[PDB]
Structures are given as C-alpha cells and as structure tokens.
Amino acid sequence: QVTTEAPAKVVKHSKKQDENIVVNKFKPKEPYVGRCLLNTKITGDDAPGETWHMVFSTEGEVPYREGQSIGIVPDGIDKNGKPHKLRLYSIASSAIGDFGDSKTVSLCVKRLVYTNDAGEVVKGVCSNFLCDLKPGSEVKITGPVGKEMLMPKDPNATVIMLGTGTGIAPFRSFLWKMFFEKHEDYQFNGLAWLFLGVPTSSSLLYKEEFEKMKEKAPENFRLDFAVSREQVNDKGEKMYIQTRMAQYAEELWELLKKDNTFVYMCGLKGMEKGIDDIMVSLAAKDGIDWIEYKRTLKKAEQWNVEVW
C-alpha cells in the first residue's frame, strides 16, 4: 500500500481557458530581457496622438496566453536616481504570436504626452521609452500577469468585445487565435462581435487586420467602429462605443440573455458607465434590474472588465 488520494481542495468551477495558466514568472527584480524586432506607428500622422505596435523576442521564455499583460521596466532613472517601476501592457499578440512560433510578444502602446498645470509638456516615462525603442535594443519584461480577460473555453460561445483605444490589444490577441490560426484543440465557431471606439479614422487601430478577418469569416465576425469625433447619431451625439451599441440594443440584449454569451470590456476607465447606462434601460424595458442582472453575469464569468 504505497498510494493514497489526498482529499481535494474545494475549488470554483471555471468557464475560461485557465488550464495550466502562468502568472508572475518574471519579477521586476530580475526581469526577462528580450529584444525589439520591429516598432511601427499604426496611426496616421494626422491622429491626435501616436499609437505604436511593437514586437519583442522572448525565445519561448514567457508562457503567456490571450488576455494577459506583461510588465515593462523602462530604461533610465527617476528624479531621485532610482530605476523605474514597471508599467503593465495588455498583450496584443496571440499566444503563438506574430511570427507563429510561440517566441515573441507584441504590444500596442499609446505615446503619453501632456502639459501639466505649470504649462510644461510632460512625456510619460514608459510609453515614450517603448515608442522610441529601436529594433535591436533590449527591453526588460515581467509577468505574465492576469486571469480576468482569459478567453472562454467553449469554442462555440459568443464573445462580445468592447474596447476603446489601446484597450483593443487583448481583442487583437483573441481574434488572431479565433480567425488567423488553425488550432487542433480550439477551432472557433461561435459569434465574435467587436466594438472599438477611437477619436478619428486616422486613429483606427488594426483596421486592415480586422477587415481581413471579416473577409474571411463574414458570418461569425461582426465589426463595429465608433469614431467619436467624426460620427454622430440622429441627434448629433458623438459616436462613442455605447452610442453605436445602442443601434443594436435589441440584438445585444437578446444575446446577453443567452447563456453562452461572454462580454469583455477593455480600455478607458470611463467607458464603463456609458455602457451601464445603455444596459439599465434595456433590462428595465424587459422588467429586469441591470444592477442585479449584472451581478449574476459577473459571478457567472460573463461580464469581464479590465480598464485603466
């Protein structure tokens, strides 16, 4: 008698792809050092700001999956002569990545530039270090990190994706896996519906990639852009992400009632309310309380949010 079945720890059931998930492999103390293979501006010269897509080599060292983030420890020192604290960035590439070999990682980085009260133009530390990275240079990477935006296991589920600006990053990751890759253990066949809000057309992130997936899966991939400074509804209101969702209020409410519908929200801290505003009205008209309904959705792993 050499064996025993040690009693199992009690565990919550999960609908998301967390099987053998990896978080916090590399710490800022000793980050994985990769290199920059390419770094391109993906917004027009005309856009209000600059967003860049960049790919780093990882030689397979960083075991990330769709929906996770990696931290970056930007080179240099702060005003006190101290090395910089890491900043987190949602991975914009699928687990197999942009080269199909499972040895790289991609980011979608908005260059932060503003002017303080004093009137001085200020440059965010990490965002400007990253957008200025030249192919060949090293970059310090930490993580992976995150379990909140992991994709649902069900390959026939409906995945509604709501993102603003760079919040599109984990959705580019999910979609490459769903429409640009043939996975033996995962072939997607549900409905993938993407809503992206950006300020101008020159600001539309990965439009062309999204347009190829639509051309490749015209049935089950739906794409809706919400260009706030160029589009307007019948009332002349700026087309924000929730203003565009409102044009499909009936259909979305119906899917929200299906049990295999998972909703993901990523991007600006504020997008959150406009959406809830849109939701309460719908549920209301159906004699349902969004407050209560939302709770269930969240506990049911169907209303996933990651905003900054």
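Quick note: we count residues from 1 along the sequence shown, nothing fancier.
Q: May I ask you to compare 128-136 and 142-150 by their mean CA B factor in the entry and name the higher one?
A: Comparing 128-136 with 142-150, the higher average CA B-factor belongs to 142-150.
Q) 162-170 versus 200-208: which one carries the higher mean Cα B factor per the record? A) If you average the C-alpha B-factors of 200-208 and of 162-170, the larger mean comes out for 200-208.
(Q) Can you tell me which of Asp78, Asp98, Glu230, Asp185 has the maximum CA B-factor listed in the PDB entry? (A) Answer for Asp78, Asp98, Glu230, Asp185: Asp185, with the highest C-alpha B-factor.
Q: Sort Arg244, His53, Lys269, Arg35 by C-alpha B-factor from the entry and give me just the highest.
A: Top of the list by C-alpha B-factor: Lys269.
Q | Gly67 by Cα B-factor - lowest, middle or highest third of the modelled chain | A | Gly67: CA B-factor falls in the lowest third of its chain.
Q) What third of its chain's C-alpha B-factors does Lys103 belong to: lowest, middle or highest? A) For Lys103, the deposited C-alpha B-factor lands in the middle third.
Q: Place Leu255 in the lowest, middle or highest third of its chain's C-alpha B-factors, as listed in the PDB entry.
A: It falls in the middle third of the chain.
Q: Ordered by C-alpha B-factor within the chain, which third holds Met213? Give me lowest, middle or highest, please.
A: Middle third.
Q | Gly236 - which third its CA temperature factor falls in, relative to the rest of the chain | A | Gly236: CA B-factor falls in the middle third of its chain.
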